[PDB]
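Structural overview
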Amino acid sequence: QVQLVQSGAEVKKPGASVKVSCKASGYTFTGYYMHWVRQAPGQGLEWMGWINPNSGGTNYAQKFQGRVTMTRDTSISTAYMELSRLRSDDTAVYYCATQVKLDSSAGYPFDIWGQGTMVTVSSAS
Amino acid sequence: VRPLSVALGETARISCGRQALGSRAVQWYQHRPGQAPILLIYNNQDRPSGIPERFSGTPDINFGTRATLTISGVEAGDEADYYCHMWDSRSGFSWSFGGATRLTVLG
Amino acid sequence: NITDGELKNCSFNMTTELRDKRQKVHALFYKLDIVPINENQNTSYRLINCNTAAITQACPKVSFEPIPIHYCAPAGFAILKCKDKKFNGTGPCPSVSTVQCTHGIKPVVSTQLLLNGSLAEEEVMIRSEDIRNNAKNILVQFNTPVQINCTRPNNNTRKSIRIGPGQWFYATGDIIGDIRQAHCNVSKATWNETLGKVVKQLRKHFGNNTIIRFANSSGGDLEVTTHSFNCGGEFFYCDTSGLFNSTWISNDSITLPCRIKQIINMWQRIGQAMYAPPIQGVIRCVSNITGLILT
Amino acid sequence: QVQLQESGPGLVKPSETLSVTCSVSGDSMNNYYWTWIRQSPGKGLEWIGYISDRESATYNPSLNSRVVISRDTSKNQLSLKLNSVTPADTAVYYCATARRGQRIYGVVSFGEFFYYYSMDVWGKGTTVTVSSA
Ligand SMILES: *[C@@H]1O[C@H](CO)[C@@H](O[C@@H]2O[C@H](CO)[C@@H](O[C@@H]3O[C@H](CO[C@H]4O[C@H](CO[C@H]5O[C@H](CO)[C@@H](O)[C@H](O)[C@@H]5O[C@H]5O[C@H](CO)[C@@H](O)[C@H](O)[C@@H]5O)[C@@H](O)[C@H](OC5O[C@H](CO)[C@@H](O)[C@H](O)[C@@H]5O)[C@@H]4O)[C@@H](O)[C@H](O)[C@@H]3O)[C@H](O)[C@H]2NC(C)=O)[C@H](O)[C@H]1NC(C)=O
Ligand SMILES: *[C@@H]1O[C@H](CO)[C@@H](O[C@@H]2O[C@H](CO)[C@@H](O[C@H]3O[C@H](CO)[C@@H](O)[C@H](O)[C@@H]3O)[C@H](O)[C@H]2NC(C)=O)[C@H](O)[C@H]1NC(C)=O
Ligand SMILES: *[C@@H]1O[C@H](CO)[C@@H](OC2O[C@H](CO)[C@@H](O)[C@H](O)[C@H]2NC(C)=O)[C@H](O)[C@H]1NC(C)=O
Ligand SMILES: *[C@@H]1O[C@H](CO)[C@@H](O[C@@H]2O[C@H](CO)[C@@H](O)[C@H](O)[C@H]2NC(C)=O)[C@H](O)[C@H]1NC(C)=O
Ligand SMILES: *[C@@H]1O[C@H](CO)[C@@H](O[C@@H]2O[C@H](CO)[C@@H](O)[C@H](O)[C@H]2NC(C)=O)[C@H](O)[C@H]1NC(C)=O
Ligand SMILES: *[C@@H]1O[C@H](CO)[C@@H](O[C@H]2O[C@H](CO)[C@@H](O)[C@H](O)[C@H]2NC(C)=O)[C@H](O)[C@H]1NC(C)=O
Ligand SMILES: *[C@@H]1O[C@H](CO)[C@@H](O)[C@H](O)[C@H]1NC(C)=O
Ligand SMILES: *[C@@H]1O[C@H](CO)[C@@H](O)[C@H](O)[C@H]1NC(C)=O
Ligand SMILES: *[C@@H]1O[C@H](CO)[C@@H](O)[C@H](O)[C@H]1NC(C)=O
Ligand SMILES: *[C@@H]1O[C@H](CO)[C@@H](O)[C@H](O)[C@H]1NC(C)=O
Ligand SMILES: *[C@@H]1O[C@H](CO)[C@@H](O)[C@H](O)[C@H]1NC(C)=O
């Protein structure tokens, strides 16, 4: 079935790098884009960027310019997301979305989503 | 150590033992036993101050040639040991002067 | 022994026509076609592609030079050509003509920069499908071609060795001359004038007073981050960061470095990898850069 | 228009300090480089190393790196210190000057050039013979 699995992450300390995954199945993985979105607890959504797994061409917003890196391993149809030099306001939940099925041909909007992983940070233990 | 006997009136040509690979820059030196060594040619086409214009250098254009110092109109003063100094691109930094040659005149 | 590098000399065992004899041959390989296998920490190298896919050679009796190709419709159909000087991409076209079939087309492969295309008329063209969304590449076509000269000053040598009964294997046996990096030059004043023209034309779609800035590629590959093309029988990869490094508001030519690959994976697929034979002598390619592709 | 005149002990037992100073007479030094040359009877000239204003002291990779060159701007002199000498090291020592030039064949932006030193003005040179007697 068309779906996306993720891997839950533990709380990280400030100044560390997180590792986010997103694994798809079913439909062909090298045909459509894939976006990354974040949701803060008690606020609205905010878009992070979009990666094209066909050729590795990425494009992300200016809010995270120079701090996030997106890769892809099409040999096993999995994505990745790295982020170092963290802060305290980056406590949120992350999602990876696609546009596998829609009558229109434009890239937006995306409909299918995944489980999602809530990442939060703590200064001390 | 390699001698070369050329009588008076003949124009001789002495070359360097070690060949070069690529862009080249050769310097020449002359040394008499007991005297001080003085350069002859540098940059393969330049002439220093205080030398007769009888030693024609070897221009390095359209790489594929070699380096050789010729002597035109040899006199009594042109009889000593010669030294060749090579500087190229595919060898790095040259330290030693390498082998030398010795010229002898007849009559 | 160049003291403190782009290529490396590798020696290895190879078969012969006689099934019991084994010879030892040496060749030169570029740094982008070799991956270490030990890492702890000695030097024992291997190729890049035969961990995942197979490899075939391109015997040099054929050439890759692009030639004009006309697409001609069969008996019963027809082709309609529009001749509007303000064709923004979609909509009606007043001047329509019917031709037997089209003119020559040069199927040249390129990335981030079109080459040997068709010049516009009286203006530069800025086309796209939807401009108000960041999911469609935007095409730009100039009105005057810019000259660009790529060159690899090395002097290679083709060395052929036997690999079996009736087969042959070519390699770059030796480099004779001066080890230097292959580069590419582009005029500076013409480039700045063309960029001024294109930003003046682009200002029509984004308000009459805005700030336009350029930036280099984002990254994540070796084919869609640099400027990739082929000429003289060799594939180049020339960095293009020294071009989109300006900011616009309200005879000293530019140079660009280039790397060279041999084991390419063009026409993205699995199970196939095309080797490229080396070209003998020197290569010098002049081109008319005309296009632009911008996200 | 500079002349260099060297002075040394000449006879010294092995494994002691051998210092031969080459005093300078002429114009002041601001850009020229200096070099020492050793010549043994039966062997050619030995380019041991050069000195510059950047306190750079490099030598041949086969000279065991046991000799040091120094320059004092107070006395305006140049000296050398070579310890642990061997009686088989008798030779004449010249203190000369040299100039650095560059040769370009490719593109300067990528560093397709290389340097080379040429000794234009020379000195006199004296012979030092070391032994246990
Ligand atoms: C893409 O674009 C790039 C961008 O330019 C191109 O890159 C250049 O590429 C060319 C060739 O590929 C390359 O030229 C190479 O240059 C060397 C060196 O040239 C220098 O020196 C010689 C000789 O000189 C000395 O002596 C004269 C006379 O006494 C002095 O006036 C001079 O100052 C020099 O003194 C220097 O040495 C002294 C010690 O001897 C020292 O004391 C001094 O302090 C100095 O250091 C010059 O002749 C030469 O210049 C010339 O240019 C004139 C005008 O055009 C012409 O009349 C003659 O050519 C003249 O020689 C230069 O000054 C040459 O020897 C090589 O032959 C070669 O030309 C150049 O350096 C690269 N870089 C630049 C910035 O240009 C690239 O080629 C291009 N590629 C493609 C594919 O398009
Ligand atoms: C864009 O079009 C260019 C045509 O102007 C083309 O340049 C030509 O490319 C060839 C390929 O090697 C060069 O060499 C050809 O011509 C020489 C002439 O002696 C032949 O000996 C060679 O065998 C070969 O046929 C040309 O010199 C070069 N220029 C011209 C004027 O023909 C570019 O290659 C094209 N761009 C790309 C990316 O392909
Ligand atoms: C590459 O290197 C080749 C080998 O030296 C060289 O070839 C020859 O050209 C020189 C120069 O005229 C001749 O003297 C020689 O006889 C030639 N030999 C052969 C076998 O052809 C090439 O000229 C070099 N490449 C370039 C572009 O100069
Ligand atoms: C790569 O290594 C090979 C073998 O070590 C080199 O081939 C020889 O090169 C040396 C130069 O150091 C010559 O003395 C030999 O005569 C050559 N042949 C053999 C059979 O050893 C090769 O030159 C090296 N590559 C480069 C670019 O230097
Ligand atoms: C690319 O190569 C062409 C061909 O050499 C260059 O064109 C010429 O320019 C030089 C000097 O600028 C003139 O001596 C030639 O007569 C010109 N020939 C032609 C046919 O126009 C061109 O300048 C090179 N590009 C760059 C940026 O230097
Ligand atoms: C695009 O241009 C930027 C401009 O600097 C390049 O920037 C940086 O990254 C380098 C290595 O990753 C660092 O060494 C620089 O210090 C750093 N500079 C800045 C201002 O951040 C970037 O590498 C270029 N990208 C590509 C793909 O070439
Ligand atoms: C095959 O048999 C022959 C018999 O002489 C022997 O010499 C040879 O070594 C054998 N095969 C190989 C390649 O060893
Ligand atoms: C061939 O392999 C043997 C051992 O596998 C090795 O000793 C030898 O060096 C190889 N040949 C060459 C030319 O390196
Ligand atoms: C082209 O013009 C038509 C006419 O209004 C318009 O609908 C369309 O959006 C335009 N497209 C572009 C890419 O300018
Ligand atoms: C881009 O332009 C700036 C302007 O000063 C310059 O410092 C920088 O070196 C340029 N980048 C490249 C890659 O040339
Ligand atoms: C490149 O432009 C020049 C100038 O218009 C033209 O003469 C040349 O034919 C063009 N190149 C090609 C391959 O058409």
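Residues carry numbers counted from 1 along their chain as the sequence is written. These may differ from the entry numbering, and residues without coordinates are not shown. For this description, chains carry letters from A and ligands carry numbers from 1, given in the order in which they are written. Any value quoted here refers to the chains shown, not to the larger assembly they are part of. Only hydrogens and water are removed before side-chain values are computed, so all heavy atoms of the structure are retained for them. Residues with missing side-chain atoms are left out of burial classes, side-chain pairs and their counts.

Its PDB header attributes the entry to cryo-EM and lists the resolution as 4.1 Å.

**Structural notes on the overall build of chain C**
Where helices and strands are cited, they refer to DSSP runs of H or I of at least four residues and of E of at least two residues respectively, numbered from the N terminus. Counting its regular elements, chain C contains 1 helix and 16 strands. Judged by the C-alpha coordinates and their principal axes, chain C covers about 75 × 55 × 35 Å.

**Brief notes about the arrangement of the chains**
Residues count as neighbours in contact if any of their non-hydrogen atoms are within 4.5 Å of one another. By contact count, the leading pair among the 4 pairs of chains in contact is chains B and D. The least C-alpha distance between chain A and chain B, which are not in contact, is 39 Å. Over all C-alpha pairs, chain A and chain D never come within contact, reaching a minimum spacing of 28 Å.

**Some points on unusual backbone geometry**
A cis amide bond links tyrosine 108 of chain A with the next residue in sequence, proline 109 of chain A, at an omega value of 0°. Examined against the element boundaries, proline 109 of chain A turns out to sit in the loop between β9 (92–97) and β10 (117–119). At the junction of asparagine 40 of chain C and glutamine 41 of chain C, the peptide bond is cis and its omega measures out at 0° in the coordinates. We note that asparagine 62 of chain B has phi near 55°; this positive angle belongs to a residue other than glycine. Mapped onto the secondary structure, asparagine 62 of chain B falls in the loop between β4 (38–39) and β5 (68–71). Categorising residues by exposure relies on relative accessible area from a 1.4 Å probe, with only protein chains included: less than 20% of the type maximum marks a residue as buried, more than 50% marks it as exposed, and the intermediate range marks it as partly exposed. Residue class for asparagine 62 of chain B comes out exposed when judged on its relative accessible area of 71%. Even without a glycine there, the phi angle at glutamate 39 of chain C is positive, about 65°. If you trace the backbone, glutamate 39 of chain C turns up in the loop between β3 (35–36) and β4 (45–46). With a relative accessible area of 66%, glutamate 39 of chain C lands in the exposed category.

**A look at the interface of chain B and chain D**
Residue-level contacts link 19 residues of chain B with 21 residues of chain D. Taking both sides of the interface into account, the surface hidden between chain B and chain D amounts to around 1,900 Å²; carbon and sulfur atoms contribute 65%. The rule for a salt bridge is simple: a side-chain nitrogen of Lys or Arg has to be within 4 Å of a carboxyl oxygen of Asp or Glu. One can count 0 salt bridges joining chain B with chain D. As used in this structure description, the phrase polar contact means that two N or O atoms lie within 3.5 Å; if the pair is within protein, one of them must be able to donate a hydrogen and the other to accept it, and residues adjacent in sequence are counted only when both atoms belong to side chains. The tally of links between chain B and chain D comes to 5 residue pairs in polar contact. Within the residue set of the side of chain B that touches chain D, elements represented by two or more residues are β3 (24–31) and β6 (81–88) of chain B. When residues in the side of chain B that touches chain D are grouped by element, the largest group, 5 residues, is from β3 of chain B. Classes in brief: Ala, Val, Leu, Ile, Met, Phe, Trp, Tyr, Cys and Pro nonpolar; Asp, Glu, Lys and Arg charged; the others, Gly included, polar. Considered class by class, the residues forming the side of chain B that touches chain D number 11 nonpolar, 6 polar and 2 charged. Note: buried area is the sum, over both parts, of the accessible area (probe 1.4 Å) each one loses when the two are combined.

**With respect to the environment of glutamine 112 of chain C**
Residue and element names in this part refer to chain C. Residue position: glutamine 112 is located in the loop between β6 (96–99) and β7 (125–127). Taking the C-alpha atoms as reference points, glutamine 112 and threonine 240, separated by 128 residues in sequence, lie 8.8 Å from one another. Non-local contacts of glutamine 112, meaning those with residues more than four positions away in its chain, are made with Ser217, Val224, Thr225, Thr226, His227, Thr240, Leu292 and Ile293. There is a polar contact of 3.0 Å between the side chain of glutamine 112 and the backbone oxygen of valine 224. Polar contacts involving the side chain of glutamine 112 include one to the main-chain carbonyl oxygen of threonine 225, which spans 2.8 Å.

**So, the side chain of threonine 290 of chain C**
Residues and elements named next belong to chain C. Summarising the element assignment, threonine 290 is placed in strand β16 (residues 281–294). For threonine 290, a relative accessible area of 4% corresponds to the buried category. Look past the residues within four positions of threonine 290 in its chain and what remains in contact with it is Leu114, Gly117, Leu119, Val140, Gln141, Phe142 and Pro145.

**Quick word on the sheet that holds strand β7 (residues 100–104) of chain B**
Strands belonging to one sheet form pairs held by backbone hydrogen bonds; the direction of such a pair is parallel or antiparallel. All names here are of chain B. By definition, two strands form a pair when at least two bridges between them are found by DSSP. An order of β1-β7-β6-β3-β4 is seen for the 5 strands of this open sheet, with the pairing classed as mixed. If you trace the sheet from one side to the other, it starts and ends with β1 (3–5) and β4, each paired once. With 3 bridges joining them, β1 and β7 adopt parallel strand pairing. Bridge pairing in β7 links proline 3 to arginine 102.

**With respect to helix α1 (residues 189–202) of chain C**
All names here are of chain C. An expected span of 1.5 Å times one less than the residue number is assigned to each helix. With 14 residues, α1 should cover 20 Å at 1.5 Å per step; its first-to-last C-alpha distance of 20 Å lies within 8% of that length. Turning to α1, its buried residues are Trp191, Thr194, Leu195, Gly196, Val198, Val199 and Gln201. Contacts made by the buried residues of α1 are with β7, β8 (138–161), β11 (212–213), β14 (247–248) and β16.

**Considering the site of ligand 1**
Nearness of a residue to a molecule or strand requires only that one of the residue's heavy atoms be within 4 Å of it. Taken together, the neighbourhood of ligand 1 is formed by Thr151, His183 and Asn185 of chain C together with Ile104 and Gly106 of chain D. Chains contributing residues to the immediate surroundings of ligand 1 are chains C and D. A distance of 3.3 Å separates a nitrogen atom of ligand 1 from a polar side-chain atom of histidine 183 of chain C. Residue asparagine 185 of chain C places a side-chain N or O atom 2.3 Å away from an oxygen atom belonging to ligand 1.

**Considerations on the site of ligand 2**
All names here are of chain C. All residues in the neighbourhood of ligand 2 are listed as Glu65, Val108, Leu115, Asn116, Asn230, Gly232, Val286 and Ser287. At 2.4 Å from an oxygen atom of ligand 2 is found a side-chain nitrogen or oxygen belonging to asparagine 116. Split into classes, the residues belonging to the shell around ligand 2 amount to 3 nonpolar, 4 polar and 1 charged.

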